[PDB]
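The chain below stands alone, shown as structure tokens; this is the form deposited in one PDB entry.
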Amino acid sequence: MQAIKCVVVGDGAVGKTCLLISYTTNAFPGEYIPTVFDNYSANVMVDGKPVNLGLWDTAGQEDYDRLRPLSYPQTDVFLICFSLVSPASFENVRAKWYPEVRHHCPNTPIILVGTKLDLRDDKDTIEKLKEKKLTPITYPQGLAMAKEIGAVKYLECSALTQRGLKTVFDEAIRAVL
């Protein structure tokens, strides 16, 4: 069984741990069993074949900047996560995460993931975002970011509805194989 190292990066509170727990345990986010441990694995059937996918769940806050790259050696594919209803995490794709990954890993395939798809259409989320004079990230803008940073894929998903969730990790594996 071929193991693949995939490293997930992004600002705190964009949903990354939730996505990874939900996906790798095959549970809806509301029913996830809490764990005190970090990182996750899963066996994915990709194009007919089962592969092992090791998922590194990294802390995105500034107090962790200097040590986090020690996780980058031996990575096959990166996920750079932002939240579709958090414009500020979307800007940090370009201000922080894209430069950090390449400043360390010049040729590793990047997949840009927009998380929390379900809340882009959420009225309360819209109305709370409108209160700060912000607005959800559209699919065109995520694609435009995907182009500026040279990601091999642009992907939108929602742990709650499961939409686009299978696809993110299928593509993570297809960018390597």
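One rule holds for the numbers: they count along the sequence shown, beginning at 1. Between two forms, the rigid core is the largest collection of C-alphas that superpose within 1.5 Å.
From this point on, the text means the form solved in complex with a small molecule, which you will not see here.
- Annotation: in the deposited complex, residues 80, 89 and 154 none come within 4.5 Å of the small molecule through any heavy atom.
- The small molecule is not shown here, and in the deposited complex it never comes within 4.5 Å of any heavy atom of residue 168.
- The small molecule in the deposited complex is not approached by residue 110, whose heavy atoms all lie more than 4.5 angstroms from it.
- Shown alone here, residue 119 lies within 4.5 Å of the small molecule in the deposited complex, counting heavy atoms only.
- Remark: residue 139 does not count among the residues lining the small molecule in the deposited complex, judged by a heavy atom distance of 4.5 Å or less.
- Rigid core superposed between this form and the one not shown, residues 143, 129, 149, 59 considered: the one with a C-alpha shift of 2 Å or more is 59.
- Comparing the forms between this form and the one not shown on their rigid core, the Cα displacement of residue 29 reaches 2 Å or more.
- After superposing the rigid core, the C-alpha of residue 39 moves by 2 Å or more between this form and the one not shown.
- Three angstroms is the minimum change: in the deposited complex, the CA atoms of residue 111 and residue 37 sit closer than in this structure, by 3 Å or more.
- Cα-Cα spacing of residue 36 to residue 160 is reduced in the deposited complex versus the present form (difference of at least 3 Å).
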